[PDB]
Each structure stands twice: as structure tokens, then as C-alpha cells.
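One chain comes next, on its own, written out as C-alpha cells in the form deposited in one PDB entry.
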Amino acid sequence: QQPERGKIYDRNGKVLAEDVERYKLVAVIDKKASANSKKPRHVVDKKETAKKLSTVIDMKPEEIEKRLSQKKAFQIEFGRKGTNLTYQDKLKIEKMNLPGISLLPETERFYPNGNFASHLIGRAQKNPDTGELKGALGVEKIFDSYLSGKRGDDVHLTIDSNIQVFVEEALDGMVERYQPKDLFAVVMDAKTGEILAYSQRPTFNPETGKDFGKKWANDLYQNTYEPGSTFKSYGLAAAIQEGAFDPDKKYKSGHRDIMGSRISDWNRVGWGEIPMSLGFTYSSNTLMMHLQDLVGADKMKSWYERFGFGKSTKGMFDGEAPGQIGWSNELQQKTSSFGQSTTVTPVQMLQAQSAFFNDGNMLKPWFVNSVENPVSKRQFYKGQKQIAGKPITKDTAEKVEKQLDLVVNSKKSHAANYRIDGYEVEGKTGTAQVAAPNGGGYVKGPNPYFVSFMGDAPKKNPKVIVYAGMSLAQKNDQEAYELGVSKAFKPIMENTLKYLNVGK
């Protein structure tokens, strides 16, 4: 009686969610059903029927037999263990020829890949009274009025399942190695803004419902972060445009005093009077505070605003977080220069980083390729490249790219763990303290950091941007601080470029 719910597809037309026919177990336990019948049509042996069904459904025999022993009942079912079973489970039970036993056909929502882009695809939930499906999160929810039907509409994503396997596998390794409390990776076409892969940890499996509800927030669109030093690039770009940044000009490294607080470069001691380019390759906070001073505090807030921060990107995900620019005072101002106080979404970081590879134009990231009905062929929606703004010139963008190149490839680089052999890698590293959730200050511990990397390859003329982030490793927190997210960036990026036939 329910219309088939529309399918969710990846960019190459692979099925990511679809309606299927599963089956539900029913046991007639009343003798009235088998009155005018030679063979019995009700359970005559509750003990043996309980033992045989335990060989297909995951229920102990005592529990089956207990459910079979209910008085004043015509027929009984078996809860969650008795539904959503396959055509093969059906035939295996049927060959047993247990009296009073049958399988009823029921529609379920099938995610063929299981735990796979879970927080993006989402999950639909079934009302057993009617069989109506309703999306509870993600695409299944956002596009529920379209997917629900007579046949509902299909939604096609820009996700490439091949690149998504790379991301899923790389996140799995990060969990085993670092056991972080939060972890995401996203791959974006550097020239169109399409999201080619996205995943996060922890997450759920839409097929089974395992861990669904444990974390509602999609990291790309709904979680917010103090990004850390990946943010320095936008103050870098601004200082370049305003004449403040000179690659070879020297500046005073070490520390600065901001409202009775001592903020210093990551090594406490600094490096003396060193060039700005070397200051950026080193992720120098003193550089960024010096740059802020020279640009002016009023101008720099507008700089972060033109790069999209503090505002939603107007994507297609529900409840997109706006972030906020931390500018209420000079301490917040100066710490915003290196990515604290200010909070961003990852989708905002992608939009703003895209400026450096598109002559200064930010690309609005997008993951919905099509909404269309396959019966009627009506197209409701078509995603497309769209410029979100042009905060910098082509010249400013190219000079930023020169520094990002240096970050990874300078002979004095501290990010050489992000090099991939055979490929020219570039990007920016981040290490950030994390705000404790229940107010106060920052999370405490030996390495209570949100580590990240905003990378792209091949350098200067990238095909993809790969942004990965890991918050609060609970294992190998020393290594987590040392290597950041290189242990995910490298496999994702290497496998993606090779999959995209980028020359090795």
C-alpha cells in the first residue's frame, strides 16, 4: 500500500539506499487453525520449533519457546529478531516445514554498503503499522518529501563510492590507532566544489541502525570547531592583499602580550628575527598576530567575513551551523588569527580554501547532483558549480598557494609527513585546543588537541582538496600531536589521485 520510496544514488549511479522486500516470521499456535486439516497447521511441538527457528533468527531457544507458550493467543511474532530477514532465511525456514510457520513479505530500507557515508546519507525509519518510511537524518530526512511517494523521487549525490571506500578505510585506521572522540575527512573537487567523499567517526550503520542517534551532528555541516592553524591561510591571504605580507621581510618571533595573557609560537622560544615565509611554514602565531597588527583589527574582521566565516554557506544540509567570528576583544581577535575562539564548520573551510585554486573565487560546496523522478523523468533539482564570493584577486591566490607549497615542501618544513611519493602535495596543518563542553576553558591532558590538515594535490593545479580533522585522540595522543592527520590524508589523497588518473 505504501509507494516505493525513491533511491539514493552516488555520482556514478551506484545504489546507496533503496527499498527491498524482506520477510517476517509468524507462528500460529492455536489449534482452531488446524481443525479440518490432515496435517497440523499450528505449532504442535513448541520445543522443537523453538530449536529450529533459533537456527535462522538470532533468539535463544528458551526465549522462542517462551514466546510460543503465551496463552489466549492465535498467532505470535518474535519482535525485532523476527523481521528484516532475507529471501534465503525464508527458504531455509520453509524447507524445515515447521507446522504453523510462515514468512510474511515486508518492505525494508536497504543500504547496500552498510556503514558508508552514513552521516551524509542518513537513515529512514519504518512505521510497522503502515510500512511508511520516514528519514530521520541526512539526505533521507532533508529530501523526505521527495523520496517518499506512485513512486517517490530519486536523489543522486556527487559522492563517488570509489573515493568513499578510501575515506572509510582511512578513518577506520585512525579509530584503531588514535581512538579519537571526533574525526572527519572530506574530499572535494578542487575546481567544481562537488563533495566526492565524506565520512566521520563515530557514526552509525544505516542498514542495521547500529549506534544511530548516539551523535546527531553531521561534522561537515552541523558541528563547529576552533579550526586551529588551517585558519592562518585566510589571514595570510588578507595580509598579502593589503601589502602587509612580504615573503622575505623579517619579523620578531617569540611571543606577544595580549590583555595580560602571553601567547607564543608553538615551541615557546620562537626563532628570533626570521622571514615571514619561514614564519608561515612554521605556523607562527607571532607572525599572524604581527600581520593582524599591521592590517588593523577592523579590517581583518571584514576579511574573515568575505571569506564566508560567521555565516552559513547555504548548502542543502539541514540545520547548517553558522559558526561565529571571535572578535569581541583583542585577545579573541589575536587568537582568531591562528584559529582559536572563532568557530567554523568544515564546509566553510572548504569554501574558503577553494579561493586559492580558482583565481580568488570561493566555490560553494555541494553534494546533491540531482533530484528527479525515474517514472515521470521530471527533474526537480540540478546541482552546479556556483561562486560563493571573490574575496581575493588571482594574484593573492597564487601567492597563498606558494606558501602552502612551502608548508609541506620547504627544506625547513615541519609537515613533511604529509608528502606523498610521486605526487606534489601542498596544504596547511592545524593543531588546536578544544573547548570543554560544560563551559570553563579548554580540555586538559597531555595532548588535548584538534589536529587537522587542509591539503590539495597536484600542487598549484589541484584536482581535489582533502580536509581531515581529528579531535581528542584517547590513544597515541603523542603521535597524534606529532603527525596530525597524515595517516589519513596520505592514503585518501594517494588513492584518490591514482583513481582520478593523476600522473604519478
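Quick note: we count residues from 1 along the sequence shown, nothing fancier. The term rigid core refers to the maximal set of C-alpha atoms that superpose within 1.5 Å between the two forms.
Missing deposited residues between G114 and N115: none, as the chain runs unbroken there. Between 344-352 and 393-401, the higher mean Cα B-factor belongs to 393-401.
According to the PDB record, 289-297 carries the higher mean C-alpha B-factor of the two stretches 384-392 and 289-297. Of the candidates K141, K214, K364, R262, the deposited coordinates give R262 the top C-alpha B factor. Take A468, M59, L472, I465 and read off each C-alpha B-factor from the entry; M59 has the highest.
When all modelled residues of the chain are sorted by CA temperature factor, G503 is found within the highest third.
Sort the modelled residues of the chain by CA B factor and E21 lands in the middle third. Per-chain ranking of the deposited C-alpha B factor places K428 in the middle third. In this PDB entry, the Cα temperature factor of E494 sits in the middle third of its chain's modelled residues. In the deposited entry, the Cα temperature factor of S253 sits in the top third of values across the chain's modelled residues.
The discussion below concerns the form deposited in another entry, not included here.
In the overlay on the core between this form and the one not shown, a shift of 2 Å or more in CA position is seen for a single residue of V56, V28, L472, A435, which is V56. Once you line up the core between this form and the one not shown, the Cα of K39 ends up 2 Å or more from where it was.
Once the cores line up, the CA of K411 ends up less than 2 angstroms apart between this form and the one not shown. Relative to the superposed rigid core, the position of the CA of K377 differs between this form and the one not shown by less than 2 Å.
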